[PDB]
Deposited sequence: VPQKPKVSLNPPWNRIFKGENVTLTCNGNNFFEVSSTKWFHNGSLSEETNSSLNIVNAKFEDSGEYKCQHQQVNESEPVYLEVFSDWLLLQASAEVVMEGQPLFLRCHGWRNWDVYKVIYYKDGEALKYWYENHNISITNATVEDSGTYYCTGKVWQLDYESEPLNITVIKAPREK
């Protein structure tokens, strides 16, 4: 039973960014990559996505010599001013949860506010990540952030985050 991992860990990213999916390397032979069900021409344990296009969005799976395939990993490509990024959208109670109010082309974001279910959780003048050290079921809900890029105010698309047991 293998498992795909992302680096950076963000499943949600901007059009043009880069991400690398890694097939749980442990225990050499070959690595099969499935993008949207189709077999990709990649054979390494690490599939490199560069200059991400919307097309790159979708389900990804890897297969080693362990018969069974890996659990699906969904990647989504956006193109907005701010994008709320999460270390994971389904967290297990007890583990950390990381949220990042990511700005277009890495441009500066000021007056960053993170909201949960409509409520403003934290404010930061300089952009800053929000980190939930010990995830609680209470921490579930729909999050989003707002900030200022190029002196203008922008809001990010909401993201559902669920913390199970």
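Next on the checklist: Counting from residue 1 of the deposited sequence, where are the gaps with no C-alpha coordinates?
Outcome noted: Model skips 1-3, 31-33, 172-176 of the deposited chain.
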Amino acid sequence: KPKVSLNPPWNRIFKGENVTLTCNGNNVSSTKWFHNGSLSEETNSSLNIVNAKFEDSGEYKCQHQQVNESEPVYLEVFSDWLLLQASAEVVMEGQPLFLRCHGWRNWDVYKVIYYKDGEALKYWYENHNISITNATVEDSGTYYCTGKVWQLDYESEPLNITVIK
From here on, numbers count along this sequence of modelled residues.
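Checklist entry - Which is higher in the entry, the mean Cα B factor of 82-90 or that of 69-77? => result Here the higher of the two C-alpha B-factor means belongs to 69-77.
Checklist entry - Per the entry, where is the mean C-alpha temperature factor higher: 115-123 or 56-64? => result Taking the mean C-alpha B-factor of 115-123 and of 56-64, the larger value falls to 56-64.
Checklist entry - Quick one: which of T22, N11, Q151, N18 has the biggest Cα B-factor according to the entry? => result Spelled out: the listed residue with the top C-alpha B-factor is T22.
Next on the checklist: Using only the C-alpha B-factors in the record, can you name which of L47, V50, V109, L99 has the highest?
Outcome noted: Reading the PDB entry, the winner on C-alpha B-factor is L47.
Next on the checklist: Can you tell me whether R105 has a C-alpha B-factor in the lowest, middle or highest third compared with the other modelled residues of the same chain?
Outcome noted: Lowest third - that is where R105 ends up once the chain's C-alpha B-factors are sorted.
Checklist entry - Against its chain's modelled residues, does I164's Cα B factor rank lowest, middle or highest third? => result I164: CA B-factor falls in the highest third of its chain.
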